[PDB]
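Shown next as structure tokens: one chain only, the form solved without 4-chloro-benzoic acid.
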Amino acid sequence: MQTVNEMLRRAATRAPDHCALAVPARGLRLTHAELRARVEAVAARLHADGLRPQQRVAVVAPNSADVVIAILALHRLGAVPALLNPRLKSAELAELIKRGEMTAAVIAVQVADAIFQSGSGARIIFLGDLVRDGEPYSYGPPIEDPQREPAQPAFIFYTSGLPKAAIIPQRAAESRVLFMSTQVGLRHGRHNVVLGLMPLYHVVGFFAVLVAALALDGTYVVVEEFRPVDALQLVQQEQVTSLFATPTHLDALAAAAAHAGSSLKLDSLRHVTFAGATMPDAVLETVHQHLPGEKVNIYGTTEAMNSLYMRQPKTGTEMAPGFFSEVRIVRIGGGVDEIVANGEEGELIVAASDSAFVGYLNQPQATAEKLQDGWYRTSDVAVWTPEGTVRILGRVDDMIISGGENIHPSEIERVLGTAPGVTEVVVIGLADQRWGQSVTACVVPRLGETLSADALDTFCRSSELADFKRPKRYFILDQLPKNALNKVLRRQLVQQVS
């Protein structure tokens, strides 16, 4: 097996003087050999300070060359980095560090004061004390390479109450990189220039983007702050060959690319990759229209990485398993062998092979729910189409059951999203008078526009929606309740309207 460390080690023997890390705004460029030397330097310093293999170390920082070096240094030492979203609230981060029994926390700095008040025994390490614009503070003797074993913890990543600590074993790294070759069509070579739009604390941003970029002897371009015009200019200046972005970022990029008066040259870009399950047909058409390269839709989890994909997608919900993957659709709430009959809806489950996590840290119960008899349960509903592909229908937990029939809010939300005057929509089930749920739509008007239940119903009646799927009721609201991460709080919304 090639661990992350080993893939990078091998790449550096092959392409020592080729650019590995580029930070164009900062004018910082490091070769594969230069990066390896700085990783080794930081690792040695961390070891001298007391850090030992298989100890867990939290990382709380936005994307940057310094955090790339820190994460890889921790891994080189043999510590287990636990990458955390720095946009989370301080007390929430402190709780997770406490729950995780971390030896230390490497932070970009009032998070430290929060860790001190939690009672945690985690030693605070400021990122700025380790490495500054690629330059390490060097000390301590050279250190041994730790023994890495296939099933052993390598990295911890967090999911969407509190986020769960998914443990990624050493053996998972290779296939979490190589799917980008088998599915997406990346190949080895010094032509590879990868734009780092995805967060490093997301499995895609780390394995599929950063690690893939370097493992294939290419360049990772660091983007600290997202700006659509700045990103497209970087495509031209750095000759970016591939980008992985969110639907939100892609919509922004497509719009910035759409001007006739623009001098932008996007010719180098050959791959545009995304998780487009939630992507409306309209966003997908603008991506096809205004951005070059092959478009590939992927379906992925923190827990299992890549399970389905589609080249040149026409919609965001239709995909099929690729290399590495084995999938089934089973009776909702049933055992892993209870295969549905074709055309019937069930839960998508995916074989837990080398890419799969080994469990959630200190949560035995949640693990038992997700990993059963060699299979990872997605908690998503799906169906086999007449063409033998998988149609993702939505989350099991979002499903509305009205008169004993399954309705998926995501489908209704996509239709209603295109109705005149609608800027936002969330579809929920509210309790009816016959022990079921009634389909209910909460809608926000475009600025200055007037919505009415009658006009929205008139629009739904003209659509392809089956009768039983049309909302029975509308709530017209000035705004929807959202957390600090711009995610709709479905449960708080039910309470506000009901």
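Sequential numbering from 1, following the sequence displayed.
Omitted from view is the form deposited with 4-chloro-benzoic acid bound, to which the following refers.
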{"item": "Pose source in the entry with it bound; superposed partner 4-chloro-benzoic acid; site open or blocked by backbone or C-beta within 2.4 Å", "value": "open"}
{"item": "Contact test, all of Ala275, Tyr299 and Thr302, partner 4-chloro-benzoic acid in the entry with it bound, heavy atom 4.5 Å", "value": "yes"}
{"item": "Heavy atom contact within 4.5 Å of 4-chloro-benzoic acid in the entry with it bound, the stretch among 215 to 223, 291 to 299, 68 to 76, 311 to 319", "value": "291 to 299"}
{"item": "Heavy atom of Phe155 within 4.5 Å of 4-chloro-benzoic acid in the entry with it bound", "value": "no"}
{"item": "Non-hydrogen atom contact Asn306 with 4-chloro-benzoic acid in the entry with it bound at 4.5 angstroms", "value": "yes"}
{"item": "Any non-hydrogen atom of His202 within 4.5 angstroms of 4-chloro-benzoic acid in the entry with it bound", "value": "yes"}
{"item": "4-chloro-benzoic acid contact at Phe179 in the entry with it bound, heavy atom, 4.5 Å", "value": "yes"}
